[PDB]
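# part one of the complex, left exactly where it sits:
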Amino acid sequence: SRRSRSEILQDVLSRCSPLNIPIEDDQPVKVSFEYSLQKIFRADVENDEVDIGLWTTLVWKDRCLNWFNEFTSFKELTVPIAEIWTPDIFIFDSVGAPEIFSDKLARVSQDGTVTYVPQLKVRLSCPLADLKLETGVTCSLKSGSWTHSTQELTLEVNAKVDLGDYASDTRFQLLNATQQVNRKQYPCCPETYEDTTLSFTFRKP
Amino acid sequence: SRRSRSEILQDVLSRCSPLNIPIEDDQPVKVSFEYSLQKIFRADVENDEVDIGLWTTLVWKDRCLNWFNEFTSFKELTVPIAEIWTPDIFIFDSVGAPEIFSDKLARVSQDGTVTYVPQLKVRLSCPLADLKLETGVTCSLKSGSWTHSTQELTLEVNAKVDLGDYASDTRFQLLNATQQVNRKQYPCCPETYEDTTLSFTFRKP
Amino acid sequence: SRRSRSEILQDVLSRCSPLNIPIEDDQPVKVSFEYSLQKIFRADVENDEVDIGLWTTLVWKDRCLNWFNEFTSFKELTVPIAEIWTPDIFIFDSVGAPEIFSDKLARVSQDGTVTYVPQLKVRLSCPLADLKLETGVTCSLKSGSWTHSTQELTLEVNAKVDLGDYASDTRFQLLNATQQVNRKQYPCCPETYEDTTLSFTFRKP
Amino acid sequence: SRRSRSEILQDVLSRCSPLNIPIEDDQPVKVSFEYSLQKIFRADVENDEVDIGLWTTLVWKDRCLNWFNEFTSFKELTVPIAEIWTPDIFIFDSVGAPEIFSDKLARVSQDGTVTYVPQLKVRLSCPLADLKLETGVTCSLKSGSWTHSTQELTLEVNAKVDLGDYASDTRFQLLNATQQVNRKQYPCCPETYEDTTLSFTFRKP
């Protein structure tokens, strides 16, 4: 490949951090979260579980060190997700372990910015009843850091929900996809925790 | 750069997989999809095509092998998208080939998680008529794997649509951006296919 | 690690580009944008500022060169965001500098596709008043390239907003999260600029 | 076994690279991709998922060092895939984690060329509807590096799709199998990402 690029990955991977938040100063890490709802694959009336094929856009900035002076070189490199720390975002009410559709690869930038987009199929609790009716049905699932409080991780969203990718001839039509950010509390801890509640309204076409 | 990081990329890239889904056991790959609608650049009344500047958040987990024992080292590395497998998510009704705004870089994590966020301008079919009226106009585009059925790839969404990034003084105001996941069928195949339908309601401000 | 992977990162990073848009021919770069609203952490009545914990899914394609003939090898690599060029997407009305929750890692693919997902906490202007009422309150923030016009960068969104990740017991319930793409103009320049307006309607549960 | 062969594997494995792309100079890694569609095992109308039994031919060249002077000796050796870096190629819309039919073994050549062919069963989103009709049904799935952009990994194909291996008495007849290479962009990143879209048209015989 390119030798210049080669040095970059090795320096960051070999020299530049183990799993530890590199930021010493006054910063929580914000992670932008967006959902591209690909398809609502299936509904289970007996189980009251619904399946979503989604990919999640995750963006964050990590502190990286510039060592060897940056010359005009390879700006973004791609690396396996395993190589770097990723956020704990989880669906609060998944019925089953989510499965991963896509390769675990993340693009990293010199500024430290990282973009990771997994594709996933998730089963979440939701009653399908009245899917056939014109009114349709509503489901909600909340995503957010399991462990991190708002102080440690701040979640942000650019927009409501990305319908564009949605499969044209999906079994179910999308009434409205929303991603509203909310902060709430748990009995364990005094700290506020932030999650993104994805509320999807859909019916069978 | 850092030698420790250096070894990481090379081991994953040189030793650890060619384009092949690394997961042998009972897992489909789920890809989370989210849309950050940046701007609705233009509307064409004669053509009935509309232009969106979007970035797509894609997340997936790939199986990677740990070889050399992981010491505290570079957790995420960045690499070009070309280096690793990426999902086939496509807009079902694009008028033209989408163009890429941003560098193709993806951040990868040790767990195998990958985050890839492309920025794109897409032209899709949509009638602009009555954009001026208070009611505004509605458009929908579905994104989803072209080839993969729900069994192979499951799509998931965290939330509806990310408005926050939306340009303040865009030509068109955003009534509501939604990303609803749906599964549907095609005559070619008995399998369900999942797509995320992005339904955007907008009018000129 | 894997030697095969090793060569990949170095070739792309060391040999294959400095910060410069590699695409000579007729292409703007499109960046798909999606928001996964994790949580609405806090509201400040006196300040009229609201905090969102979000992650942003960003996807783009960069032109990379294949040098050493691609054998079946490591498809995605992960690299720090600093290594590669990332888009300038910014919140138009942030009160404060956004902080980064997650590591800056991006997965890159051989096709050149990059996925970067940062996690972020952002403070934006928004009046909280009447959060308690049933009607709730509405806020909007626009994200989009600061410098780039629609010609340089096109933004696209798959869906409205990803609620699924939203934290279950967040302080505030999500009425609806939307990401509508819009294009608008500024007095500085004749060119259209595209942004994604994230409109979030929420109330306290 | 043969002592001469013995030295070869150990030298390459023990001495000659960890996961790191070994190529410093001006080369992206190209990976040739071909599909041998073995069978379309099943179609699921409710799920809209289809199952393919495929093996994927992956070829790439890695840089290896000649140390001990090459005498006429064992030209190709076989080794477990785990030993060396493999590409991240993933199906964009797999419903589930792909499972692996065959042993993970790859033949390597002195020139550095590697041939790895996994056998896989993949579930992908696709509507089966109208499978019985004469017209049949069409499905598409895209394979490509998740993380790597076109700059890092370039994908190439020799031909359209390999029908010859196709099971004679499969439940479904093959109208046409195609593998067209395409490059596209994502909102995350400005870089182009390349994927191979496998479009399969089939009907029940």
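Sure thing, it's come through. Numbers count the residues shown, from 1 in each chain, chains lettered A, B, ... in the order given.
# check contacts around the most centrally placed residue in chain A.
Centroid-nearest residue in chain A: residue A:56, 3.8 Å away (criterion: C-alpha atoms, centre = their mean). Applying C-beta atoms under 8 Å, 6 or more residues apart in numbering or on different chains to residue A:56 gives the contacts A:33-36, A:89, A:117-118, A:120, A:143, B:31-34, B:57-59, B:156-158, C:36, C:55, C:57, C:117, C:162, C:165. All C-beta spots, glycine's among them, are computed from the backbone N, C-alpha and C.
# and the angle for whichever strand or helix holds it with strand C:49-61?
For residue A:56, the host element (DSSP states H and E) is strand A:49-61. Taking axes from the mean of the first three to the mean of the last three C-alpha atoms, to 10 degrees, strand A:49-61 and strand C:49-61 form an angle of 90 degrees between their directions.
# and the helix or strand that strand A:49-61 is followed by, does that touch chain B?
Once the chain leaves strand A:49-61, the next helix or strand it forms, by DSSP H and E, is strand A:77-80. Yes: judged by C-beta under 8 Å from any C-beta of the partner chain, strand A:77-80 comes into contact with chain B through A:77-80.
# hmm, back to that, ramachandran angles for the closest residue to the residue nearest to the centre of chain A other than its chain neighbours?
Nearest non-adjacent residue to residue A:56, counting by C-beta to C-beta, 6 or more residues apart in numbering or on different chains: residue B:32, 2.5 Å away. Phi and psi for residue B:32, reported as degrees, to the nearest 10, are phi -80, psi 140.
# here's chain E, drop it onto the model above:
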Amino acid sequence: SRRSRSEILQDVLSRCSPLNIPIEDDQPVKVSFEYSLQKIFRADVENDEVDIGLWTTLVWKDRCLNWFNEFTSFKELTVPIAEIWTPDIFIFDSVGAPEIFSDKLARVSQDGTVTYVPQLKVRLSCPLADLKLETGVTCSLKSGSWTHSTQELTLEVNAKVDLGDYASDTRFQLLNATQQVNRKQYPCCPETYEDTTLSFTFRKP
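The block that follows adds chain E to the chains above:
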């Protein structure tokens, strides 16, 4: 040509690195970035896109090995950009793929320093409105590694913006060109990402 020079290129190109960051030790790669704004070619009111003809100065240091003892010989050689790794710097909000005005050639120095300057035309989102007014209009575009976080790639700037080259009789007068460096975060990743925001204030003369 000169035989002495001849050996130099071949040794570096043939022997001395594939795409891999060559730096093992504690160094991120810093890439200096500067903009020479040549001209603001056009403004599009309907599209809200603006066109800039720019060349980008990119400088970085790669680790090269001295083999054959350096005698007084050819100090810099020139080579095609394809030969060596280049950074992923991309415009965050380009509407279209940037096109390349100049040959892709980069001068390399013995110390390892590389200077690459592409000339480019870029279309970026920006509202032209009020270009005629005395106040003029402001546009901003951010450039930075797509994939690389601040840890992998550090971006630096010598000065604000180079007006000197600016075309004398350009359609639009330059009020002020600024390049301020900033670091920000994305929802995907905890790491900080650094970008250079080019803010250009211009009006029609």
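# so, the contacts of residue A:56 revisited with chain E in the model?
A:33-36, A:89, A:117-118, A:120, A:143, B:31-34, B:57-59, B:156-158, C:36, C:55, C:57, C:117, C:162, C:165.
# Go back to those residues and keep what's next to chain E.
A:33-34, A:117, B:57, B:59, C:36, C:55, C:57, C:117.
# Most neighbours of all those residues, which one?
residue A:34 (67 neighbours; other C-beta atoms under 10 Å in any protein chain shown).
# Which residue, other than its chain neighbours, is closest to residue A:72?
residue C:18 (2.1 Å).
# now residue A:5
In space, residue A:5 is closest to residue C:13, 2.2 Å off (C-beta to C-beta, 6+ apart).
# if we can go back for a sec, the strand holding residue A:56 pairs with which strands, parallel or anti?
strand A:34-44 (antiparallel), strand A:113-116 (antiparallel), strand A:119-125 (antiparallel) (DSSP bridges).
# Please work out which of the ones you listed is packed deepest.
strand A:113-116 (a mean of 63; mean count of other C-beta atoms under 10 Å in any protein chain shown).
# roughly how far out does that one sit from the chain middle?
Averaging C-alpha positions (C-alpha atoms, centre = their mean, to the nearest Å) puts strand A:113-116 11 Å from its chain's average.
# again with stretch A:72-84
19 Å.
# Please write out the alpha-carbon positions of stretch A:72-91 in PDB.
Extracted C-alpha coordinates of stretch A:72-91, given in PDB (Å, rounded to 0.1, in the frame of the first residue of the first chain):
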ATOM      1  CA  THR A  72       0.200  15.800   3.200                       C
ATOM      2  CA  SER A  73      -0.700  12.200   3.600                       C
ATOM      3  CA  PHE A  74      -3.500   9.800   4.100                       C
ATOM      4  CA  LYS A  75      -6.200  11.800   5.900                       C
ATOM      5  CA  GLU A  76      -8.600   9.100   7.000                       C
ATOM      6  CA  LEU A  77      -7.700   5.500   7.500                       C
ATOM      7  CA  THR A  78      -9.900   2.700   8.100                       C
ATOM      8  CA  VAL A  79      -9.500   0.200  10.800                       C
ATOM      9  CA  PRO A  80     -11.300  -2.600  12.500                       C
ATOM     10  CA  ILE A  81     -13.600  -1.400  15.300                       C
ATOM     11  CA  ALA A  82     -11.800  -3.800  17.700                       C
ATOM     12  CA  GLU A  83      -8.700  -1.700  17.400                       C
ATOM     13  CA  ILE A  84     -10.300   1.400  19.000                       C
ATOM     14  CA  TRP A  85     -12.700   2.200  21.800                       C
ATOM     15  CA  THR A  86     -16.400   2.400  20.800                       C
ATOM     16  CA  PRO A  87     -19.300   3.600  22.800                       C
ATOM     17  CA  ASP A  88     -21.600   1.300  24.800                       C
ATOM     18  CA  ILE A  89     -24.800   2.400  23.100                       C
ATOM     19  CA  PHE A  90     -27.400  -0.200  23.600                       C
ATOM     20  CA  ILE A  91     -31.100  -0.700  22.900                       C
END
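# put chain F on too:
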Amino acid sequence: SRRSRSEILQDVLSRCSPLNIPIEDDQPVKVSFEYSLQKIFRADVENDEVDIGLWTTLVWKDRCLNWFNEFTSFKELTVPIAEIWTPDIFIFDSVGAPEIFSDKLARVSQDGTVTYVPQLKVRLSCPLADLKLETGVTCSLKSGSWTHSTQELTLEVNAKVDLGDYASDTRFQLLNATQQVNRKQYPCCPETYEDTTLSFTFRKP
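Let me put chain F in with the others:
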């Protein structure tokens, strides 16, 4: 992207100036300054500090050189502010370091004209007392080059203050926003220094 645009940026950035005022002949650089007062976020009675969310329109002309003959090509390009020289305009009485809301991107034009518009939150000294009264309260802050005298930098304003963007439901109503240009002297130096005094009269609505 577009190759034509590509050459432009590289030529200006790589070849066409480091931080140095390119103008040899009889010209001071004039920088037009305008304020768009977005919002008066907060008032602190104990501290006597007030917060303004503003964006500053800055325009200047830099001398650029035309090299490769300008063909009809990309007229404006966008670049990070870091790439080019920007003026030192500072608020004389900021209590704290101003924070930057927007990406640092500036549009540059062929004529050399540059438009840069940062968005900022600034804390300045000002007594809030009697904000509730009908009379309201007055505050003033002066912006101007710290180092540059009137001879080096001349500041100009098109109009008084831009209220239009002002947030409709801001905590404080705007009685009158004024930007009067004035020149004054300091004990350090015999030269006149020019600043723009922003006098804002506001009260709580």
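# Run the contact check for stretch A:19-28 versus chain B.
Yes: contact of stretch A:19-28 with chain B (C-beta under 8 Å from any C-beta) involves A:19-20.
# Surely residue A:117 is in contact with residue C:57?
Yes: using C-beta atoms under 8 Å as the test, residue A:117 is close enough to residue C:57 to be in contact (5.3 Å).
# what touches both of these two?
A:55-58, B:32-33, B:56-59, B:115, B:117, C:115, C:117, D:188, E:188.
# nearest to residue C:94, of those?
residue E:188 (17.6 Å; C-beta to C-beta).
# Tell me who's in contact with the closest residue to the closest one other than its chain neighbours.
Leaving aside its chain neighbours, residue E:188 sits nearest to residue C:117 (2.0 Å; criterion: C-beta to C-beta, 6+ apart). For residue C:117, the contacting residues are A:31-33, A:56-60, A:106, A:114-117, B:57, B:59, B:107, B:115-117, C:55-58, C:102, D:188, E:186-189, by C-beta under 8 Å, 6+ apart.
# State the distance from the residue of chain A found nearest chain F to chain B.
With C-beta to the nearest C-beta, the shortest gap between chain A and chain F falls at residue A:72, namely 8.4 Å. To chain B, residue A:72 is 13 Å away according to C-beta to the nearest C-beta, to the nearest Å.
# Count the residues that sit near that residue.
35.
# I'd like to know how far it sits from residue F:173.
Residue A:72 sits 51 Å away from residue F:173, going by C-beta to C-beta, to the nearest Å.
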